[PDB]
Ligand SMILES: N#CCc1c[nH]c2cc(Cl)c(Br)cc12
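Single chain ahead, by itself, as C-alpha cells, in the form solved without the ligand.
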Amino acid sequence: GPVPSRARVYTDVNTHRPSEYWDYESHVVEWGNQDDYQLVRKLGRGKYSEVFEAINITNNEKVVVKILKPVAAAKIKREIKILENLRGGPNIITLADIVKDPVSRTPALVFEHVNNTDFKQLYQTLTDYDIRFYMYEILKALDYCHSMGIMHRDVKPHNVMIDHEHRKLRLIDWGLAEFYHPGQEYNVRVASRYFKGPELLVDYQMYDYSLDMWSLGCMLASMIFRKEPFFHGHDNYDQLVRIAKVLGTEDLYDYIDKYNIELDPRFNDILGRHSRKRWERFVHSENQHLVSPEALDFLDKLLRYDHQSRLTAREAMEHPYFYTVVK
C-alpha cells in the first residue's frame, strides 16, 4: 500500500509534550460570562457555526462571537484547545473568551475584532510591496502554529483578516486545525477546493504542515498573476487536472510512484498528458508589475506535488523575495 511520510520539521513536537497539550478531549473549558457580550449584527454563517459582530459591554470593545452548531460535536474541544495553545502567537487570532450561548445551548467563541477589508476588493488590488509584506505576516503565523505542532488545514483568503489601513493581519478559522502526530493518517476532506494540496486530491492521508504551504502557494499565485482562483477546478477531480495543466503530469506520476499511491481510476480518462509550463506563461501586461524573478522562484518552491519538497514556513521567510520587506 502507500509508503509512510513524516514532516521534515517539528516532527515530534507533540510526542515530547504532556498529553494535556494535545489531548483536547480531556480539556476542561473555563467558561466566561455570556452577559458581557451584546450581539450587534450577523456577519455570516459557515456549515458548523454562525458569526456575529458584538460589543464587550465591560470595556466597549468590538468583538466577534462565533456560535458553534451541534454538527461540530466532539471537534469543538479541538478548536478551543488549539486556540488556547496558540494564543499570543504572531498574527494568530486572539480567543478572548468562551461562553455558553443561551439560545443555541452550544459553546460560543469570542475573538478580538479585526477591521478587515474584503479579499475580493483587497488581495487583488495590492502593490508588489504589499503582497510581499502580507505574505511575510501570514508566514509568521504559519511558522508559529507549525512550531507548536498544529496544521491549520484551511489556509485561504477568506481566513486571513486584513486591516489594510493599519497594516495588520490575523489568521482565523481554526475549526479544521489539527495536531500533527508522526505516522497519523488524517482526513483528506480538509481545506477549500481551490487550495487543496495534491496529497488531498490523490487521497494520501499521511500529510503534515506542508499542506498549509501548498495553500499559501495558491494564494501567492492568485495575487501575483491577478487570477482568482489560480487553479480553477469544477470539482475535486478537475482540481487535480487544473494543477497538472500547470505543473505537468510527469512530476505527478513520479509523486504517486514515490509514495506508492493508488490513483483513483477516474483520473485515467481526464488527466491527459501535460508538460510543466514555465511561470512566464502566466505573466501579462496587467500583472507584470507584481512579477519578479524572486516571486517566481518563491512560488515555484511552494507549488510542488511532493509535500516533502516544499519550502517550510521558516525556509520561506528566508527567501530573497522578502529581502525588500522592512524587518
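Quick note: we count residues from 1 along the sequence shown, nothing fancier.
With reference to the PDB entry, specify whether the mean Cα temperature factor is higher for 68 to 76 or for 83 to 91. According to the PDB entry, the answer is 68 to 76.
Return whichever of 160 to 168 and 131 to 139 has the greater mean Cα B factor according to the PDB record. Per the deposited B-factors, the answer is 160 to 168.
Based on the PDB record, which member of 198, 217, 102, 175 exhibits the highest Cα temperature factor? Of the candidates given, the C-alpha B-factor peaks at 102.
If you check the C-alpha B-factor for each of 298, 37, 259, 282 in the entry, which is highest? When the deposited C-alpha B-factors of 298, 37, 259, 282 are compared, 37 is largest.
Please place residue 14 in the lowest, middle or highest third of its chain by C-alpha B factor as given in the entry. Middle third.
Could you tell me which third, lowest, middle or highest, the C-alpha B-factor of residue 320 occupies within its chain? Ranked within chain, residue 320 CA B lands in the lowest tercile.
Divide the modelled residues of the chain into thirds by Cα B-factor and specify which third, lowest, middle or highest, holds residue 286. For residue 286, whose C-alpha B-factor we compare with every modelled residue in the chain, the answer is the middle third.
Which third of the chain does residue 155 land in by C-alpha B-factor: lowest, middle or highest? It belongs to the lowest third of the chain when residues are ordered by C-alpha B-factor.
Taking the C-alpha B-factors as the PDB entry records them, is residue 149 in the lowest, middle or highest third of its chain? Within its chain, residue 149 is a lowest-third residue by C-alpha B-factor, going by the deposited values.
One more form of this protein exists, namely the form solved in complex with the ligand; it is left out here, but the text below deals with it.
Place the ligand on this chain by superposition, using its pose in the bound PDB entry; is the pocket open, or blocked by 3 or more ligand atoms lying within 2.4 Å of backbone or C-beta atoms? Blocked.
One residue of 211, 142, 160, 243 in contact with the ligand, assessed in the bound PDB entry (non-hydrogen atom, 4.5 angstroms): Contact residue from the list: 160.
With the cut-off set at 4.5 Å between non-hydrogen atoms, does residue 86 touch the ligand in the bound PDB entry? Residue 86 lies outside the contact set for the ligand.
Taking the shortest heavy atom distance, is residue 223 within 4.5 Å of the ligand in the bound PDB entry? Contact with the ligand, yes.
Given that the ligand is not shown alongside this chain, does residue 126 nevertheless sit within 4.5 Å of it in the bound PDB entry, heavy atom to heavy atom? Contact with the ligand, yes.
Might residue 148 be said to contact the ligand in the bound PDB entry, defining contact as any heavy atom within 4.5 Å? Result no; residue 148 lies far from the ligand in the bound PDB entry.
Any chance 119, 131 and 138 all have a heavy atom within 4.5 Å of the ligand in the bound PDB entry? Yes, the whole trio is in contact, each within 4.5 Å by some heavy atom.
Taking the ligand in the bound PDB entry, which residues along 203 to 221 bring a heavy atom to within 4.5 Å of it? Heavy-atom contacts within 4.5 Å come from 219 alone.
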